[PDB]
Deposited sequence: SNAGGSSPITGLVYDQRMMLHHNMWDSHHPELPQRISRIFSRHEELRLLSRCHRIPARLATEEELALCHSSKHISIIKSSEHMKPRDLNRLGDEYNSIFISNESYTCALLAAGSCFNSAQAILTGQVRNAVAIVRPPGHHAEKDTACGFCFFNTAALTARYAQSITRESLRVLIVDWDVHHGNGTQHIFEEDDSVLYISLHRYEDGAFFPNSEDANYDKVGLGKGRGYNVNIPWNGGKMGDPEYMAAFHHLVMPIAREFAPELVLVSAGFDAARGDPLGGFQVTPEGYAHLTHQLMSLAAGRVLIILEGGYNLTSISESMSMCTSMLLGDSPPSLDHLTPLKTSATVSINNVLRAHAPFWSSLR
């Protein structure tokens, strides 16, 4: 009867860094977001979707059995061994609760996707950790263990039809390399990422994130990278990318389900991103995406490390999902226009609306 679903479970707080309790991927990222939804009176307006563990068979939709095996083995490791295993990846910490939390993150999003696709709710928001989009088929990376968003997209296909057109918009400030690679040869899933690039000087520090990686084989044109260079990007920049690139392509793709890899580390005040997108900015992005897929949008928390900025930003997205009017509203930075024009040029061969 509520149109918007919401999934949050404090067990996902159990994932922690044993050797640095102040690591930015904090447990209270999700609880602060949830707590803010309560303050802004959005929680009463949402249907509460239960969290569940993703099954191993569901993980296998995207991830190798080897990968699965290793992350599962972490459950019964001593601190010394957690430390060792952790340091085999780029930017990873592990606790005994990490695996459960990563399962909970994915399963929550599966339930949310199922609630949308069965008409229980129109749209949903997933306040989950740890994040997902850096997770490859074979490896963890960048605080991510499994690719929640990628898995949810496959889950959706498997409970509907395999050709179900799924759009993934990734506005985390980092490139979702794992998501890109998983669907790199897929024309049924459209990946669109905006991220700080700085010619590969920004994590995850690869040319994979550049505008010229457009997908492979059948997937040619179904991977859209929008890299930012030499600019403190904000609302004008993201609004322009949406108007010129994201929304035109998305409309032409005509998805049946929209998944947002919603990192809020492009927000003003975020220590890792150093960009200045506002909560109102994020609202207007959500609002625009809701014109797709009859409003069937699933917002999935990725990055974002300023507790105030992420709590405010994500609550605003939920407000849009609930059907509220956007809050109101600077000329575009040059380098942003350079970036946009490079992407227009690279994707003109695929999308006629460009």
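Residues of the deposited sequence lacking C-alpha coordinates, counted from 1, fall in the stretches 1-6, 336-338, 364.
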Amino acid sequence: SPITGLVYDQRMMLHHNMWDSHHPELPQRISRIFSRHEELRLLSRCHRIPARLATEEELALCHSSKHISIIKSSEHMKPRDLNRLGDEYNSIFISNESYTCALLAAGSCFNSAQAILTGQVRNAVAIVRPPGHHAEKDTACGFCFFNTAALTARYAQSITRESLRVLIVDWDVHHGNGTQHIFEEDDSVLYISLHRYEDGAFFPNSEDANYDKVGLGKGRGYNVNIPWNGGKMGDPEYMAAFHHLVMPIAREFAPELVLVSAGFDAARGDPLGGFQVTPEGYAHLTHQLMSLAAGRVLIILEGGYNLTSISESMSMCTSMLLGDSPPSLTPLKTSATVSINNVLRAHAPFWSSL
From here on, numbers count along this sequence of modelled residues.
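Annotation for 76-84 versus 98-106: the higher mean temperature factor (C-alpha) is found in 76-84. Between the stretches 224-232 and 146-154, it is 224-232 that shows the larger average CA temperature factor. Per the PDB record, 205 has a higher Cα B-factor than any other of 261, 179, 205, 112. Sort the modelled residues of the chain by CA B factor and residue 300 lands in the lowest third.
In the deposited entry, the Cα temperature factor of residue 237 sits in the top third of values across the chain's modelled residues.
Among all modelled residues in this chain, the alpha-carbon of residue 93 has a temperature factor (C-alpha) in the middle third. Sorting the modelled residues of the chain by their CA temperature factor places residue 291 in the middle third.
Compared with the other modelled residues of the chain, the Cα B-factor recorded for residue 159 ranks in the middle third.
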